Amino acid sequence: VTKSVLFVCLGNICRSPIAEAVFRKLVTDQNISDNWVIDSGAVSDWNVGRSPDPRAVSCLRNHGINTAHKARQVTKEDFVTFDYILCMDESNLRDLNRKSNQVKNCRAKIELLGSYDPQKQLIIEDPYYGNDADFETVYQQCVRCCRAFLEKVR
C-alpha cells in the first residue's frame, strides 16, 4: 500500500541516480507516487555528498527528467526499512548480500534490476569510464526494467 524501493549501484553517481529518477517519473505519471518511498544509494562511500555525474544529469534532462539526489551510502538500516533493493550488476549484488548477512531479520528483497528487463539484458554496466551513448543505454534499460517492475509489484 505504501512500498519502498532503494536503487543501488557502486558510486551512486551514474546508474542508480538514473534508475531512481525514471521510477519516480513513472509512478508520478501513473498517479500513485504517494504509494511509494523511493531512494538510491551507493555500495561505496567515494562520492558521498556529491550530486549525480554531469553525464547522468544531461541524459536525464534530455528526456525531460531532473533529480536533486546527492550520493549517500547504503547502511544496515536500509535492509530493514526498504521492501526492494534493486541493484545494477553482480558485484553490487555480491556486496549487498555480504552486507545483508550482517543484519539478521533483513526485510528487503535484493535483486538485479535487469531481472525485469523484457529484453533480458541482465546487467546494467557501469558507464563511468564510457561516453554519453552509454549513459543513454543505461537510461533505456532503466525505463524497460522499471515499467515491468511496477507491473509485477502489486
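Note that residue numbering follows the sequence shown and begins at 1.
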query: Residue stretch of maximal mean CA temperature factor, 11-19 vs 129-137; finding: 129-137
query: 96-104 versus 51-59 - which carries the larger mean C-alpha B factor in the record; finding: 96-104
query: Peak C-alpha temperature factor (PDB record), options 68, 27, 42, 113; finding: 68
query: Criterion, highest CA B-factor; candidates, 123, 38, 86, 32; finding: 32
query: Where the record places residue 153 (Cα B-factor, split into thirds across the chain); finding: highest
